[PDB]
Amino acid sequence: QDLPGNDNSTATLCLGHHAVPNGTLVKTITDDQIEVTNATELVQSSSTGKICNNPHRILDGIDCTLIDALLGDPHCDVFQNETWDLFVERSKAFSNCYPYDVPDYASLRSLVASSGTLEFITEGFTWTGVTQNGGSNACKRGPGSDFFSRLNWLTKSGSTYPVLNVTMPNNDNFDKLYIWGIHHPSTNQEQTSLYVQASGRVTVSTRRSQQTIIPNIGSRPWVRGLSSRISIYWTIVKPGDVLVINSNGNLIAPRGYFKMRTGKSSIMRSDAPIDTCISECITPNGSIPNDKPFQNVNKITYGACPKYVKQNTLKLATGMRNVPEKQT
């Protein structure tokens, strides 16, 4: 196309790719250490050590268990009607009222923790022929012998204790959680002093269920001066149903209901400090960022969190193979 040139020479063009002096090792299908230009970590492995108080509602239990907060141990009166996305239980929490035990504590702790509200409604129960508001020296509310704020210990009036038979309809349109109990005396003398009948009985029922507990007399280990115990039980009464409480002794009666709800609330045991910051993912070790797909901090998590994995490092190569000249 052009005319015969008076010159004659060639040129050289070489293609190639970069390389870095640093370079990261990464696993592959065929090799488990191959060096690439760059990589990114996919396992989050460190927490700040603080539970950020945002965006979830953290409620620090301080030295109260959720069940004690619920029952109304004097020292937990603060939590009355409180609410939470995450209730944090502290290892140093302690109870300090009448010694109780909860048969299937673990489910009661779950279903309260899960509805996330301790809102209580006093209902007008009328106990005729017994003495209300009994309390004790092991549950001092202030400078006074008292009891759990949400329960009503009932004893004899004058000489006798009648067959309590009371009813309370659920005429609302939400379920009602009722918490009640039974008193197990240490001695038959204690039994008769308080309840006259030598053998008490509590039957709590609705249209679709019933529970009859008989008390158990006997000495248990002394805790807070007492060898008696109360055991705690719970009844959910659905809208349109009826609670009927029937007893001829040892009843620790309910003062009304906790209302239940459905939500994203839970409970977590952690001694981590709550701090003011925003993090979506909470671990008992404090919050962790959730940019990476996987985490190795802790298998217990609440909120938008990375998937817990056994591995502590998992590098995704985000660059070609590093094949340097002279190395560094």
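Residue positions are given as counts along the sequence shown, with the first one as 1.
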| item | value |
| --- | --- |
| Given 56-64 and 293-301, the range whose Cα B-factors average higher in the PDB entry | 56-64 |
| Between the two ranges 205-213 and 177-185, the one averaging a larger CA B factor in the entry | 205-213 |
| Candidate set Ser91, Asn81, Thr160, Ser247 [ranked by C-alpha B-factor, highest] | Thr160 |
| From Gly256, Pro103, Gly200, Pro74, residue of greatest CA B-factor | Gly200 |
| For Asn22, the third of its chain into which the C-alpha B factor falls | highest |
| Chain-wide C-alpha B factor ranking for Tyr195, given as lowest, middle or highest third | highest |
| Cα B factor band for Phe87 (lowest, middle or highest third within the chain) | lowest |
| Third of chain Cα B-factors occupied by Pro99 | middle |
| CA B-factor placement of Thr12, once the chain's modelled residues are sorted into thirds | middle |
